[PDB]
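One structure is given here, and the rest of the page talks about it.
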Ligand SMILES: Nc1nc2c(ncn2[C@@H]2O[C@H](COP(=O)(O)OP(=O)(O)OP(=O)(O)O)[C@@H](O)[C@H]2O)c(=O)[nH]1
Ligand SMILES: Nc1nc2c(ncn2[C@@H]2O[C@H](COP(=O)(O)OP(=O)(O)OP(=O)(O)O)[C@@H](O)[C@H]2O)c(=O)[nH]1
Ligand SMILES: Nc1nc2c(ncn2[C@@H]2O[C@H](COP(=O)(O)OP(=O)(O)O)[C@@H](O)[C@H]2O)c(=O)[nH]1
Ligand SMILES: Nc1nc2c(ncn2[C@@H]2O[C@H](COP(=O)(O)OP(=O)(O)O)[C@@H](O)[C@H]2O)c(=O)[nH]1
Ligand SMILES: [Mg+2]
Ligand SMILES: [Mg+2]
């Protein structure tokens with residue numbers, strides 16, 4: 035009934051989305067050949083949110099791949115659950131932007147975005163009642179950030195009455211892939227504060243530290259990080275796909291979590307996370323999940339929540355659980371650490387309970403806290419932007435293509451006033 | 035079924051046709067003994083065009099070799115495929131003309147032509163549904179040019195309905211064999227413009243240039259040039275001999291290429307032509323064939339077509355291809371070089387496809403172009419004719435034979451009006 | 016999809032999926 | 065090398081190809097879908113036309 | 013055939029006599045390699061050795 | 004009920020060679036002539052366990068005929084039903100119309116007469132010819148004339164292969180095309196155009212075959228013919244016979260020229276992809292990206308359309324879709340005809356030929372519509388005919404064969420007339 | 004994604020003669036041209052069972068070229084791409100840029116045109132030359148000019164071999180070097196320096212070859228180039244194509260000069276010696292004892308660095324190692340670029356060459372940086388140029404060819420401008 039259209043942009047978004055469709059298909063019980071093979075009848079009830087039956091029970095995802103190099107496409111088609119996609123929905127350029135935001139937003143966007151807008155239109159009116167859009171991309175890349183951002187702006191121009199989730203990884207100086215990361219991230223943030231409704235900030239550094247401490251893995255490859263984000267995203271939309279004692283729709287989460295139209299940057303966490311050695315030595319109760327949720331070392335951003343206040347936070351529970359135990363736990367955690375929560379908002383913790391855990395596990399949770407500690411990240415990036423812009427480094431590959439100095443000055447102003455308003459509400 | 039009767043005149047005609055009947059006998063897989071030794075039954079159903087079963091699979095060609103000295107006859111029967119011609123089809127004089135059009139047109143013809151008309155008639159009513167005649171001869175020599183030309187006149191007076199194709203070598207000043215080549219050329223051409231239905235012009239300068247650049251040969255003997263001309267003659271007759279997607283007989287080519295009854299002097303090309311040291315470089319694509327086909331250095335005439343305008347053109351194709359690529363490529367070469375085609379005719383290109391490539395090859399083509407740059411060639415000859423006639427050198431060996439000076443005046447006028455009308459339609 | 020025209024359709028699923036008319040699909044002296 | 069290398073015949077007309085080699089290969093490759101349905105459930109066989117004059121005699 | 017034609021020298025294809033001569037040389041080299049590998053062991057059976065190039 | 008088909012020219016019997024393959028595969032008839040009453044409209048049952056089609060291939064060159072005689076269907080095609088002349092017509096109307104016509108057309112109509120005598124419930128003829136060539140144009144016109152003077156009242160559905168504007172395989176095809184129309188008007192009752200550039204675009208776009216040939220074109224054209232004879236052949240919920248195209252689509256005795264289209268044109272893997280429903284393929288069959296004739300219905304006005312549906316179709320949603328296409332505005336109708344549609348439904352889903360690129364679809368739509376973009380086509384061909392005729396080019400071939408300038412001027416002014424009619428009606 | 008590679012000079016085509024050996028050995032191609040899609044960026048598949056490279060060897064003396072035309076790889080390039088002049092330029096920039104260039108460049112660019120036309124997704128160009136010689140400098144610069152006016156927008160990867168400071172084999176190579184930079188500044192996009200004495204010290208110290216020929220040098224240079232293009236040829240965890248160096252490494256329109264390095268450059272017994280992992284090879288990539296240009300990066304400050312990893316590399320430890328590098332204080336960065344790194348990880352390990360000196364390691368690193376030591380190198384060359392030019396030595400050969408003193412003075416002040424640019428950027 036409610037509908038989510040999934041869009042994937044750039045290499046990072048494509049590989050994350052590939053693992054995401056693997057996890058989702060496993061949850062709804064369809065094998066990679068595209069037929070239904072689940073056992074419980076709770077799986078059929080809400081597959082229209084994500085899939086379309088084509089003919090004879092062949093269920094394909096309502097997803098749109100978007101990039102500029104076939105390398106990501108071949109890596110997507112090679113792995114399992116790769117042939118389920120739409121062979122036509124592989125809207126796809128040929129040149130390759132290459133970490134040039136102007137190339138992703140002014141040069142190649144101008145002749146690829148008409149096509150992706152046409153296919154995202156086809157998938158939009160193919161269903162009746164949209165709920166929102168769900169785009170997975172990065173913020174340092176060129177074909178992910180630039181083209182995805184222009185796509186977001188075109189969509190908000192077309193359908194202004196629908197929700198929007200963007201799962202975007204933010205770069206850290208410790209884990210710094212490309213050199214023009216601030217030149218891309220500052221511009222994308224400048225556009226996302228006016229176009230997107232809310233986004234989920236991610237980074238690879240916090241994932242690496244999680245696989246170090248709590249998972250104790252020796253080989254945390256990219257597939258594992260993508261597997262963590264996919265479990266997070268599945269936990270986000272668990273409430274639409276399965277009935278619960280207290281349902282929380284996407285807009286329901288948004289209105290509870292966004293007290294001001296520009297304060298819509300979230301940090302995310304997932305529970306439980308225990309190594310295969312210690313998974314026998316633990317309990318599975320709501321206090322066990324809660325002590326792991328509100329841990330600072332379990333957030334998937336490079337922002338210590340003990341370094342700021344929480345504006346609001348939500349906890350999405352999965353499994354047959356005691357509701358009195360849930361809300362008394364949230365009340366206890368809010369009364370103990372009374373300083374770390376904001377003062378002019380009572381009951382800063384929204385909670386919800388679904389009656390279906392992830393497959394094989396008994397009880398899980400997902401933490402989405404709109405905290406004010408995210409200003410450290412934007413300050414961490416904006417200072418790099420000022421450092422490069424003081425002396426115009428790398429500037430000409432952007433200027434010689436159509437971009438002006440005014441965009442960079444405007445991006446600086448907006449990033450700075452955003453951090454100013456976060457500091458104001460601290 | 036549809037029958038081609040071959041006529042070869044003079045030393046050039048004898049040797050060229052010798053290599054020709056070698057290639058055809060190869061393509062239909064008949065041994066130098068006279069028996070079939072191929073495998074596919076696709077070859078047996080279209081040997082009636084060129085051969086006749088005598089006894090026990092003895093397929094002997096339907097050709098008339100004609101000359102005045104048995105020296106060329108022995109050079110015919112010295113090589114392979116010499117014992118397959120019918121000895122009654124070996125007509126030969128005893129004196130020899132030797133670069134005298136008059137001897138070849140009034141004295142020696144007077145007693146040879148009646149015997150060859152017996153032979154040509156007997157071999158013409160031997161077949162049922164004749165398609166036409168195909169003649170390869172010379173213009174510098176006497177016994178080929180004069181004798182063959184007068185025969186062309188006689189058969190065009192007896193059978194005015196059948197087709198008539200002629201391959202005629204014309205002299206070039208740089209490779210200038212004989213001295214009285216203009217005296218013979220003009221008179222022959224003046225007869226060809228009235229009786230020959232259409233003429234595919236050949237020369238030797240273009241061929242030597244081709245063997246220098248394209249084939250990259252050290253010692254290009256006449257055996258090679260005869261082989262190239264033979265490849266051209268096989269490529270033009272391929273339609274009657276093999277099934278295809280779009281068959282195109284000789285009369286189908288004449289009507290698509292002759293807009294005016296006097297504009298029937300083509301220039302011929304052939305593809306593919308590359309060295310053996312570069313045969314693995316090249317792929318077998320229609321564009322690869324076309325870029326060589328429309329090239330200026332690939333014509334078999336000494337006239338650069340980029341000095342004039344193409345009136346019409348045709349392209350015969352052999353081998354399994356895609357007609358879309360064929361037509362699309364012909365459209366591109368017509369659109370890009372738009373100035374080199376005339377304006378008051380749209381779609382100046384005829385195309386045809388036959389499903390059998392020549393033995394040892396995969397995909398071949400043949401080009402036949404009716405351009406207006408042939409008037410450059412005729413002026414190149416007529417001006418030398420005026421240089422001779424202006425003080426009537428060499429004239430008496432013609433005058434004392436029966437010919438008068440008025441024949442030379444008419445040859446001047448007819449060459450002058452013909453180059454006048456080609457210049458008109460330019 | 017369509018070049019210079021835009022179609023309006025709704026997708027049809029099997030019997031199990033809860034869609035616009037699942038109750039009526041389930042209905043079937 | 066020259067002696068060992070064997071030239072090609074290349075004698076397959078397009079009709080023979082497209083109507084004997086390709087369909088037989090497809091039928092051998094996919095025995096699932098290309099099967100003869102035999103009688104069709106929907107046919108316009110009308111026994112009115114057969115009836116207006118029919119009914120073999122027994123005499 | 014024994015020798016090449018006029019087109020062979022341009023195409024770079026070697027003549028029959030040339031190719032047979034080269035192939036013969038190389039087969040011979042193989043035989044003498046085997047013989048050297050035998051002689052080395054026969055010498056080290058006594059305690060002497062072949063000299064090896066530098 | 005029976006319908007016989009005739010094929011003229013080099014194109015005619017190549018389309019026939021693909022079409023009759025489809026029929027044998029649709030009724031499950033082996034290529035050797037016997038199965039291992041729905042067939043009665045095409046194949047007559049001889050003796051005991053044998054079928055022999057109601058068809059005549061004819062051509063003036065024996066090469067493509069005995070290619071059929073030695074192809075797969077040797078035992079299937081009856082020997083007499085393949086007529087073969089001894090020599091070509093060679094891209095020449097008068098050659099194919101006055102010299103060789105007089106010696107082949109009498110034997111052809113003699114054959115077709117005892118085809119019509121062996122038949123009982125003859126619906127009509129349907130012809131397949133090419134107007135660019137010599138045989139299809141010249142004696143195609145001659146045979147259509149003699150069919151009209153012999154039988155006349157019977158329908159003659161004509162599928163004709165016109166020249167594309169830019170893609171062309173000949174030079175004198177304007178002359179042959181023009182002289183063909185002057186008889187194509189008053190001898191064909193219902194004439195459907197079949198260009199080549201449009202189908203090249205189709206096989207390149209949707210079926211994504213990068214290097215197509217004629218056989219691919221023939222196979223999907225044969226698919227169209229089967230989709231509009233399926234009503235006579237197979238049991239349907241709402242049948243539409245040959246007499247209906249006469250009525251519901253030809254509002255004027257000299258306006259019978261239709262745009263044809265087909266959907267869904269789909270590959271083997273894109274079938275797994277797309278959710279094939281009725282409304283979107285009814286939409287797909289209207290965009291110029293899926294028409295068989297290169298023209299633009301944006302700049303024209305529709306007159307009347309007919310829609311055959313094959314397979315799992317209920318009248319509800321097809322009626323809903325045509326209701327949405329009538330309330331759309333991007334395509335527009337003439338004010339002459341407010342109810343500008345006819346539907347027709349047959350239950351049988353289309354079959355799949357082994358080695359073809361079209362997958363097994365549940366439902367298919369064949370739209371045959373009339374418009375005025377054809378009035379644009381004839382002018383586009385008229386202009387480039389006048390350019391050539393202004394210089395008297397190529398004329399001596401026809402005059403020397405026996406004709407004069409009279410049929411040139413009169414056929415040129417005929418197209419001028421038909422131009423005036425189309426612009427008058429389009430108002 | 005396809006890229007073509009041209010080789011100019013005595014040095015360039017030998018380096019390429021090692022590169023293509025490496026490529027065929029990596030993709031499993033036998034040198035005779037056939038295998039017993041990843042290759043598609045280098046080898047076009049002509050016909051069947053044959054792969055020809057996308058490259059052109061060109062030189063003025065025929066001796067080294069027909070050494071190739073008679074070597075092992077005769078069947079790889081057949082003889083029409085290998086362009087060869089008649090007489091050498093003989094270490095004379097003017098003779099290579101004006102005398103013989105005017106007759107060879109037209110044929111060269113006419114060949115490169117139909118190479119690019121055979122290509123479809125052209126990424127860029129990459130050239131191979133040494134600036135000390137005559138042919139590699141002169142007509143190389145002329146070729147780069149005509150290619151830049153041909154396409155311009157496409158990236159050009161110039162892998163040049165500069166003269167080592169103390170070990171040198173020519174006399175006028177300062178003249179040829181300076182005249183080469185004057186065009187290499189404003190034409191190429193990314194210019195990688197590779198000196199010879201640094202490689203000599205590498206094979207003396209790590210690989211411990213005490214008598215190294217040119218084969219070993221060209222072998223490991225081919226290893227660096229192969230490690231640069233492995234991201235285009237094979238799939239990895241984090242791919243980086245040719246267009247990235249254009250953005251990530253070049254902060255200014257004129258500062259494009261890159262020091263390369265490689266690790267682990269290890270023989271067959273030191274491999275069993277050493278426990279190989281990611282932290283130490285990330286270390287070994289930065290010590291001057293493993294750089295390909297004899298200069299001291301301790302004296303300079305890095306602008307931007309790139310790290311190509313091949314083989315058994317996960318991303319957590321490369322992130323940990325570069326974290327340790329950035330927190331170490333023995334090396335220093337500029338205050339302009341806080342994100343001073345760019346990693347890249349590919350799955351395939353570097354291969355071995357039978358008869359080579361390198362063992363099959365699990366992983367390897369190609370480091371490509373940008374610093375100010377290069378600004379120090381150019382001053383070292385400028386000084387030894389000015390000394391010889393002070394006495395006007397060897398000038399009469401250039402003027403005798405047809406050049407003058409004006410281009411000498413303006414190239415001198417050009418490098419003076421370059422020196423000022425590097426020293427102001429270092430601040
Ligand atoms: N689409 C399609 N067109 C064809 C086919 N075969 C021939 N044609 C068309 O036929 C036109 C020329 O006429 P042909 O059929 O080749 O020959 P013809 O019509 O018999 O006339 P003649 O050659 O004089 O006998 C060309 O424009 C082709 O496009 C075919 O199989 N499919
Ligand atoms: N790395 C490497 N450098 C080489 C090699 N061969 C020559 N060089 C260098 O090339 C420089 C001189 O240029 P060359 O390539 O030898 O000759 P050239 O560039 O063709 O110029 P000309 O001699 O005039 O033809 C010398 O300083 C050598 O160090 C080689 O095989 N490997
Ligand atoms: N989690 C995760 N992140 C990735 C992956 N691949 C790339 N990234 C991130 O993407 C960032 C670079 O973006 P990039 O791939 O260049 O984007 P694009 O070039 O525009 O498609 C790096 O900081 C990586 O952290 C992956 O497989 N998983
Ligand atoms: N290419 C080619 N040209 C030939 C051959 N034989 C003769 N010619 C040309 O024919 C011209 C002279 O013809 P000629 O022998 O005098 O003709 P004839 O004496 O009347 O039979 C010369 O220019 C030759 O180049 C041949 O086998 N090949
Ligand atoms: Mg024909
Ligand atoms: Mg040199």
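Protein chains in written order, with the numbering used here: chain A, 35 to 460; chain B, 35 to 460; chain C, 16 to 44; chain D, 65 to 123; chain E, 13 to 66; chain F, 4 to 430; chain G, 4 to 430. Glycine included, each C-beta is placed from N, C-alpha and C at the ideal position.
Please state if the CB of residue j and the CB of residue i are separated by a distance shorter than 7 Å.
i                      : j                      : result
residue 234 of chain B : residue 302 of chain B : yes
residue 362 of chain F : residue 274 of chain F : yes
residue 336 of chain A : residue 240 of chain A : yes
residue 269 of chain A : residue 388 of chain A : no
For residue i, which option in the options has the closest C-alpha, if you only look at C-alpha atoms?
i                      : options                    : result
residue 84 of chain B  : B:98, B:120, B:37 and B:90 : B:37
residue 146 of chain G : G:28, G:60 and G:108       : G:108
Any idea what DSSP makes of residue i, helix, strand or coil?
i                      : result
residue 180 of chain G : helix
residue 109 of chain D : coil
Any heavy atom of ligand 2 inside 6 Å of the beta-carbon of residue i?
i                      : result
residue 135 of chain G : yes
Any heavy atom of ligand 5 closer than 6 Å to the beta-carbon of residue i?
i                      : result
residue 434 of chain F : Residue numbering for chain F in the displayed model covers 4 to 430; residue 434 of chain F lies beyond these limits and cannot be assessed.
I'd like to confirm the pairing. Which residues does DSSP put opposite residue i in its beta bridges?
i                      : result
residue 425 of chain G : Answer is none; residue 425 of chain G lacks a bridge partner.
residue 358 of chain G : Its beta-bridge partners do not exist; DSSP assigns none.
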